[PDB]
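Working notes, beginning with the structure itself.
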Amino acid sequence: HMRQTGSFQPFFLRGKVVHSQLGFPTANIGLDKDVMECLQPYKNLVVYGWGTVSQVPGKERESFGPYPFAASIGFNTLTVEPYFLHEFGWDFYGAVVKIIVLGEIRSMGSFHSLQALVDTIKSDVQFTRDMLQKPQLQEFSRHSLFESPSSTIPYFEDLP
């Protein structure tokens, strides 16, 4: 795992959820040219923080979270691929996702064996959980940006 240093700038990101035989997740946050530029300093990384899911088609009134999450930021075009540490039991394509990214786990890197990938995701999941239990970072679950209204999608913002 990467050292948790104050070179990492935390931020906020709001956007809609959009679209190997194993069936990995291919859910992304819809970006635009400006927000892709903001994310450039975070490319080639797996990151973690708190997120929420809202305005889910069919369940449009409800709101889910805040939940722990990890996410990959890289090219595919800068892509953001979030992995909520939560079992919804369904997909939420077209739902608005809001995330606060609080730190970095590692570079996206590469695997040879399949057991290597799984042992690394398990390590990412537990790390993200151990970090978010910290009193300082736990407080960001209750952050006001989640409750902020704004019709601007996507939207990016730095945290002090």
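Just remember, in the structure tokens the first chain shown is A, the second B, etc., residues are 1-based per chain, and ligands are 1-based in the order shown.
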
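The environment of residue 35 in chain A within 9 Å, counting only C-alpha atoms and disregarding residues fewer than 5 places along the same chain, consists of residues 13, 40, 154, 155 and 156 of chain A.
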
Let me see the file: selected residues, C-alpha atoms, as an mmCIF file, in the first residue's frame.
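Generated output (part.cif):
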data_model
loop_
_atom_site.group_PDB
_atom_site.id
_atom_site.type_symbol
_atom_site.label_atom_id
_atom_site.label_comp_id
_atom_site.auth_asym_id
_atom_site.auth_seq_id
_atom_site.Cartn_x
_atom_site.Cartn_y
_atom_site.Cartn_z
ATOM 1 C CA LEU A 13 -16.925 14.126 -7.640
ATOM 2 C CA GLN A 40 -5.442 14.091 -14.274
ATOM 3 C CA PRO A 154 -20.557 16.101 -13.789
ATOM 4 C CA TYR A 155 -19.020 18.224 -11.012
ATOM 5 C CA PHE A 156 -15.570 18.206 -9.357
#

Exercise: residue 50 in chain A partners within 7 Å, only C-alpha atoms, chain neighbours under 6 positions left out, as a PyMOL selection string: chain A and resi 66-69+99-101+141

Using only C-alpha atoms, which residues sit within 12 Å of residue 140 in chain A once same-chain residues fewer than 3 positions away are excluded, as number ranges by chain? A: 10-12, 49-52, 66-68, 99-102, 131-137, 143-146, 159

I need the residue nearest residue 47 in chain A from this list: A:110, A:120, A:128, A:21. Use only C-alpha atoms for the distance.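 Ranked by minimum distance to residue 47 in chain A, first place goes to A:128.
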
I'd like to know which residues of range 28-103 of chain A are strand (DSSP E or B) (by DSSP, run on the backbone); could you write them as a PDB file with N, CA, C and O atoms, in the first residue's frame?
ATOM      1  N   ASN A  28     -19.061   2.972 -14.816  1.00  0.00           N
ATOM      2  CA  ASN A  28     -18.233   4.175 -14.776  1.00  0.00           C
ATOM      3  C   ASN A  28     -19.033   5.385 -14.333  1.00  0.00           C
ATOM      4  O   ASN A  28     -20.260   5.381 -14.374  1.00  0.00           O
ATOM      5  N   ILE A  29     -18.322   6.426 -13.914  1.00  0.00           N
ATOM      6  CA  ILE A  29     -18.933   7.730 -13.681  1.00  0.00           C
ATOM      7  C   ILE A  29     -18.748   8.558 -14.949  1.00  0.00           C
ATOM      8  O   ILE A  29     -17.630   8.685 -15.451  1.00  0.00           O
ATOM      9  N   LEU A  45      -4.201   5.166 -10.632  1.00  0.00           N
ATOM     10  CA  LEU A  45      -4.349   4.890  -9.198  1.00  0.00           C
ATOM     11  C   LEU A  45      -5.642   4.178  -8.846  1.00  0.00           C
ATOM     12  O   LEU A  45      -6.663   4.351  -9.514  1.00  0.00           O
ATOM     13  N   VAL A  46      -5.578   3.390  -7.774  1.00  0.00           N
ATOM     14  CA  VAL A  46      -6.762   2.916  -7.060  1.00  0.00           C
ATOM     15  C   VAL A  46      -6.908   3.782  -5.811  1.00  0.00           C
ATOM     16  O   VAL A  46      -5.972   3.884  -5.006  1.00  0.00           O
ATOM     17  N   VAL A  47      -8.071   4.412  -5.660  1.00  0.00           N
ATOM     18  CA  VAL A  47      -8.314   5.350  -4.562  1.00  0.00           C
ATOM     19  C   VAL A  47      -9.474   4.869  -3.705  1.00  0.00           C
ATOM     20  O   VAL A  47     -10.156   3.922  -4.067  1.00  0.00           O
ATOM     21  N   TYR A  48      -9.685   5.539  -2.574  1.00  0.00           N
ATOM     22  CA  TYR A  48     -10.718   5.159  -1.627  1.00  0.00           C
ATOM     23  C   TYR A  48     -11.378   6.374  -0.986  1.00  0.00           C
ATOM     24  O   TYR A  48     -10.847   7.484  -1.032  1.00  0.00           O
ATOM     25  N   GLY A  49     -12.541   6.154  -0.379  1.00  0.00           N
ATOM     26  CA  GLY A  49     -13.252   7.218   0.328  1.00  0.00           C
ATOM     27  C   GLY A  49     -14.693   6.857   0.614  1.00  0.00           C
ATOM     28  O   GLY A  49     -15.037   5.685   0.705  1.00  0.00           O
ATOM     29  N   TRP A  50     -15.536   7.879   0.745  1.00  0.00           N
ATOM     30  CA  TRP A  50     -16.962   7.698   1.016  1.00  0.00           C
ATOM     31  C   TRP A  50     -17.774   8.053  -0.212  1.00  0.00           C
ATOM     32  O   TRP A  50     -17.435   8.991  -0.925  1.00  0.00           O
ATOM     33  N   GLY A  51     -18.851   7.313  -0.451  1.00  0.00           N
ATOM     34  CA  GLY A  51     -19.734   7.595  -1.578  1.00  0.00           C
ATOM     35  C   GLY A  51     -21.194   7.378  -1.257  1.00  0.00           C
ATOM     36  O   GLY A  51     -21.534   6.723  -0.274  1.00  0.00           O
ATOM     37  N   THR A  52     -22.060   7.933  -2.096  1.00  0.00           N
ATOM     38  CA  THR A  52     -23.502   7.725  -1.970  1.00  0.00           C
ATOM     39  C   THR A  52     -24.109   7.490  -3.350  1.00  0.00           C
ATOM     40  O   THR A  52     -23.521   7.874  -4.369  1.00  0.00           O
ATOM     41  N   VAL A  53     -25.278   6.860  -3.371  1.00  0.00           N
ATOM     42  CA  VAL A  53     -26.011   6.597  -4.606  1.00  0.00           C
ATOM     43  C   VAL A  53     -27.430   7.144  -4.457  1.00  0.00           C
ATOM     44  O   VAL A  53     -28.075   6.944  -3.430  1.00  0.00           O
ATOM     45  N   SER A  54     -27.890   7.849  -5.488  1.00  0.00           N
ATOM     46  CA  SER A  54     -29.137   8.606  -5.434  1.00  0.00           C
ATOM     47  C   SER A  54     -29.803   8.647  -6.800  1.00  0.00           C
ATOM     48  O   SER A  54     -29.157   8.413  -7.824  1.00  0.00           O
ATOM     49  N   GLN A  55     -31.100   8.953  -6.797  1.00  0.00           N
ATOM     50  CA  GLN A  55     -31.897   9.074  -8.020  1.00  0.00           C
ATOM     51  C   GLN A  55     -31.783   7.825  -8.909  1.00  0.00           C
ATOM     52  O   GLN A  55     -31.550   7.912 -10.118  1.00  0.00           O
ATOM     53  N   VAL A  56     -31.955   6.661  -8.288  1.00  0.00           N
ATOM     54  CA  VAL A  56     -31.890   5.393  -9.001  1.00  0.00           C
ATOM     55  C   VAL A  56     -33.211   5.195  -9.745  1.00  0.00           C
ATOM     56  O   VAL A  56     -34.271   5.267  -9.128  1.00  0.00           O
ATOM     57  N   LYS A  59     -36.463   3.662  -8.193  1.00  0.00           N
ATOM     58  CA  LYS A  59     -36.360   4.002  -6.776  1.00  0.00           C
ATOM     59  C   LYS A  59     -35.880   5.449  -6.640  1.00  0.00           C
ATOM     60  O   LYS A  59     -35.018   5.751  -5.808  1.00  0.00           O
ATOM     61  N   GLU A  60     -36.431   6.344  -7.459  1.00  0.00           N
ATOM     62  CA  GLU A  60     -35.847   7.684  -7.644  1.00  0.00           C
ATOM     63  C   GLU A  60     -35.906   8.591  -6.404  1.00  0.00           C
ATOM     64  O   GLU A  60     -35.117   9.532  -6.292  1.00  0.00           O
ATOM     65  N   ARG A  61     -36.829   8.303  -5.486  1.00  0.00           N
ATOM     66  CA  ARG A  61     -36.994   9.096  -4.262  1.00  0.00           C
ATOM     67  C   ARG A  61     -35.939   8.793  -3.187  1.00  0.00           C
ATOM     68  O   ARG A  61     -35.599   9.666  -2.383  1.00  0.00           O
ATOM     69  N   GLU A  62     -35.419   7.566  -3.183  1.00  0.00           N
ATOM     70  CA  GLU A  62     -34.548   7.085  -2.103  1.00  0.00           C
ATOM     71  C   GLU A  62     -33.104   7.571  -2.250  1.00  0.00           C
ATOM     72  O   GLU A  62     -32.715   8.098  -3.298  1.00  0.00           O
ATOM     73  N   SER A  63     -32.325   7.407  -1.179  1.00  0.00           N
ATOM     74  CA  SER A  63     -30.890   7.717  -1.184  1.00  0.00           C
ATOM     75  C   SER A  63     -30.123   6.655  -0.401  1.00  0.00           C
ATOM     76  O   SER A  63     -30.544   6.248   0.680  1.00  0.00           O
ATOM     77  N   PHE A  64     -28.992   6.215  -0.949  1.00  0.00           N
ATOM     78  CA  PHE A  64     -28.215   5.127  -0.361  1.00  0.00           C
ATOM     79  C   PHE A  64     -26.841   5.616   0.078  1.00  0.00           C
ATOM     80  O   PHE A  64     -26.230   6.446  -0.592  1.00  0.00           O
ATOM     81  N   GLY A  65     -26.374   5.104   1.217  1.00  0.00           N
ATOM     82  CA  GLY A  65     -25.066   5.458   1.762  1.00  0.00           C
ATOM     83  C   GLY A  65     -25.151   6.376   2.970  1.00  0.00           C
ATOM     84  O   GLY A  65     -26.224   6.537   3.553  1.00  0.00           O
ATOM     85  N   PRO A  66     -24.020   6.992   3.358  1.00  0.00           N
ATOM     86  CA  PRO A  66     -22.700   6.900   2.723  1.00  0.00           C
ATOM     87  C   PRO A  66     -22.025   5.539   2.938  1.00  0.00           C
ATOM     88  O   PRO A  66     -22.078   4.986   4.038  1.00  0.00           O
ATOM     89  N   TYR A  67     -21.409   5.006   1.887  1.00  0.00           N
ATOM     90  CA  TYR A  67     -20.694   3.730   1.977  1.00  0.00           C
ATOM     91  C   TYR A  67     -19.207   3.910   1.684  1.00  0.00           C
ATOM     92  O   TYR A  67     -18.825   4.830   0.964  1.00  0.00           O
ATOM     93  N   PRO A  68     -18.359   3.023   2.240  1.00  0.00           N
ATOM     94  CA  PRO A  68     -16.964   2.961   1.790  1.00  0.00           C
ATOM     95  C   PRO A  68     -16.870   2.559   0.311  1.00  0.00           C
ATOM     96  O   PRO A  68     -17.745   1.858  -0.199  1.00  0.00           O
ATOM     97  N   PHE A  69     -15.829   3.012  -0.373  1.00  0.00           N
ATOM     98  CA  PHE A  69     -15.623   2.634  -1.762  1.00  0.00           C
ATOM     99  C   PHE A  69     -14.148   2.703  -2.111  1.00  0.00           C
ATOM    100  O   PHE A  69     -13.394   3.461  -1.500  1.00  0.00           O
ATOM    101  N   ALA A  70     -13.749   1.883  -3.080  1.00  0.00           N
ATOM    102  CA  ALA A  70     -12.473   2.031  -3.767  1.00  0.00           C
ATOM    103  C   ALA A  70     -12.800   2.330  -5.222  1.00  0.00           C
ATOM    104  O   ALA A  70     -13.934   2.107  -5.659  1.00  0.00           O
ATOM    105  N   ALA A  71     -11.832   2.838  -5.973  1.00  0.00           N
ATOM    106  CA  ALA A  71     -12.082   3.209  -7.367  1.00  0.00           C
ATOM    107  C   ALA A  71     -10.799   3.280  -8.161  1.00  0.00           C
ATOM    108  O   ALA A  71      -9.758   3.671  -7.629  1.00  0.00           O
ATOM    109  N   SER A  72     -10.883   2.923  -9.439  1.00  0.00           N
ATOM    110  CA  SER A  72      -9.745   3.033 -10.347  1.00  0.00           C
ATOM    111  C   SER A  72      -9.916   4.250 -11.246  1.00  0.00           C
ATOM    112  O   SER A  72     -10.978   4.437 -11.844  1.00  0.00           O
ATOM    113  N   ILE A  73      -8.870   5.075 -11.329  1.00  0.00           N
ATOM    114  CA  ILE A  73      -8.835   6.222 -12.237  1.00  0.00           C
ATOM    115  C   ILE A  73      -7.741   6.007 -13.283  1.00  0.00           C
ATOM    116  O   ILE A  73      -6.550   6.059 -12.959  1.00  0.00           O
ATOM    117  N   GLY A  74      -8.144   5.761 -14.530  1.00  0.00           N
ATOM    118  CA  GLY A  74      -7.178   5.568 -15.614  1.00  0.00           C
ATOM    119  C   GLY A  74      -7.782   5.709 -17.005  1.00  0.00           C
ATOM    120  O   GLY A  74      -8.984   5.870 -17.156  1.00  0.00           O
ATOM    121  N   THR A  79     -11.007   7.516 -17.250  1.00  0.00           N
ATOM    122  CA  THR A  79     -12.186   6.806 -16.790  1.00  0.00           C
ATOM    123  C   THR A  79     -12.137   6.755 -15.270  1.00  0.00           C
ATOM    124  O   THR A  79     -11.052   6.721 -14.687  1.00  0.00           O
ATOM    125  N   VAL A  80     -13.309   6.777 -14.635  1.00  0.00           N
ATOM    126  CA  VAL A  80     -13.417   6.552 -13.192  1.00  0.00           C
ATOM    127  C   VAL A  80     -14.349   5.377 -12.958  1.00  0.00           C
ATOM    128  O   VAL A  80     -15.498   5.387 -13.390  1.00  0.00           O
ATOM    129  N   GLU A  81     -13.832   4.365 -12.272  1.00  0.00           N
ATOM    130  CA  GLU A  81     -14.516   3.092 -12.113  1.00  0.00           C
ATOM    131  C   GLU A  81     -14.629   2.771 -10.627  1.00  0.00           C
ATOM    132  O   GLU A  81     -13.671   2.284 -10.031  1.00  0.00           O
ATOM    133  N   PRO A  82     -15.802   3.049 -10.020  1.00  0.00           N
ATOM    134  CA  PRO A  82     -15.941   2.898  -8.578  1.00  0.00           C
ATOM    135  C   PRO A  82     -16.425   1.505  -8.163  1.00  0.00           C
ATOM    136  O   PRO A  82     -17.180   0.856  -8.898  1.00  0.00           O
ATOM    137  N   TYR A  83     -15.983   1.067  -6.984  1.00  0.00           N
ATOM    138  CA  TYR A  83     -16.388  -0.216  -6.421  1.00  0.00           C
ATOM    139  C   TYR A  83     -16.881  -0.006  -4.991  1.00  0.00           C
ATOM    140  O   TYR A  83     -16.090   0.007  -4.044  1.00  0.00           O
ATOM    141  N   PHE A  84     -18.191   0.162  -4.840  1.00  0.00           N
ATOM    142  CA  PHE A  84     -18.787   0.344  -3.520  1.00  0.00           C
ATOM    143  C   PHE A  84     -18.614  -0.906  -2.668  1.00  0.00           C
ATOM    144  O   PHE A  84     -18.959  -2.009  -3.101  1.00  0.00           O
ATOM    145  N   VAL A  96     -27.307   8.947  -9.917  1.00  0.00           N
ATOM    146  CA  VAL A  96     -26.261   9.906  -9.599  1.00  0.00           C
ATOM    147  C   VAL A  96     -25.413   9.343  -8.462  1.00  0.00           C
ATOM    148  O   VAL A  96     -25.922   8.941  -7.421  1.00  0.00           O
ATOM    149  N   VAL A  97     -24.112   9.294  -8.682  1.00  0.00           N
ATOM    150  CA  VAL A  97     -23.192   8.870  -7.646  1.00  0.00           C
ATOM    151  C   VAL A  97     -22.374  10.077  -7.211  1.00  0.00           C
ATOM    152  O   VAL A  97     -21.930  10.874  -8.038  1.00  0.00           O
ATOM    153  N   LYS A  98     -22.201  10.214  -5.904  1.00  0.00           N
ATOM    154  CA  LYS A  98     -21.386  11.264  -5.340  1.00  0.00           C
ATOM    155  C   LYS A  98     -20.296  10.588  -4.538  1.00  0.00           C
ATOM    156  O   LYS A  98     -20.590   9.694  -3.753  1.00  0.00           O
ATOM    157  N   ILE A  99     -19.045  10.985  -4.747  1.00  0.00           N
ATOM    158  CA  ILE A  99     -17.939  10.412  -3.976  1.00  0.00           C
ATOM    159  C   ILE A  99     -17.004  11.488  -3.436  1.00  0.00           C
ATOM    160  O   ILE A  99     -16.785  12.515  -4.079  1.00  0.00           O
ATOM    161  N   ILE A 100     -16.493  11.252  -2.229  1.00  0.00           N
ATOM    162  CA  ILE A 100     -15.376  12.010  -1.677  1.00  0.00           C
ATOM    163  C   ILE A 100     -14.160  11.068  -1.660  1.00  0.00           C
ATOM    164  O   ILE A 100     -14.189  10.031  -0.996  1.00  0.00           O
ATOM    165  N   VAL A 101     -13.119  11.412  -2.420  1.00  0.00           N
ATOM    166  CA  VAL A 101     -11.902  10.596  -2.503  1.00  0.00           C
ATOM    167  C   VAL A 101     -10.892  11.100  -1.484  1.00  0.00           C
ATOM    168  O   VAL A 101     -10.415  12.216  -1.599  1.00  0.00           O
ATOM    169  N   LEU A 102     -10.564  10.269  -0.499  1.00  0.00           N
ATOM    170  CA  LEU A 102      -9.752  10.697   0.638  1.00  0.00           C
ATOM    171  C   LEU A 102      -8.312  10.200   0.584  1.00  0.00           C
ATOM    172  O   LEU A 102      -7.457  10.726   1.294  1.00  0.00           O
ATOM    173  N   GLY A 103      -8.023   9.195  -0.241  1.00  0.00           N
ATOM    174  CA  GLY A 103      -6.640   8.746  -0.379  1.00  0.00           C
ATOM    175  C   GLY A 103      -6.406   7.693  -1.440  1.00  0.00           C
ATOM    176  O   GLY A 103      -7.350   7.176  -2.055  1.00  0.00           O
TER     177      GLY A 103
END

Mind pulling up the distance from CA of residue 18 in chain A to CA of residue 105 in chain A?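 For CA of residue 105 in chain A relative to CA of residue 18 in chain A, the distance reads 24.0 Å.
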
For residue 151 in chain A, work out the shell of residues within 12 Å, counting only C-alpha atoms and skipping chain neighbours fewer than 5 positions away, then give it as a count of residues only. 4

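With CA of residue 37 in chain A on one side and CA of residue 6 in chain A on the other, the separation reads 21.0 Å.
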
Nearest to residue 122 in chain A: which of A:9, A:85, A:17, A:41 is it, counting only C-alpha atoms?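 Comparing A:9, A:85, A:17, A:41 against residue 122 in chain A, the winner is A:85.
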
Any chance you could list, as a tab-separated table (two decimals) with C-alpha atoms, in the first residue's frame, the residues in range 37-116 of chain A that come up helix (DSSP H, G or I) when DSSP is run on the backbone?
chain	number	residue	atom	x	y	z
A	37	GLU	CA	-8.76	17.61	-16.58
A	38	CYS	CA	-9.36	17.90	-12.82
A	39	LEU	CA	-8.79	14.14	-12.42
A	40	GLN	CA	-5.44	14.09	-14.27
A	41	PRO	CA	-3.34	14.19	-11.07
A	42	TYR	CA	-5.10	10.99	-9.92
A	114	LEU	CA	-6.01	-14.73	-10.93
A	115	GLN	CA	-5.35	-15.42	-7.23
A	116	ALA	CA	-2.96	-12.45	-7.31
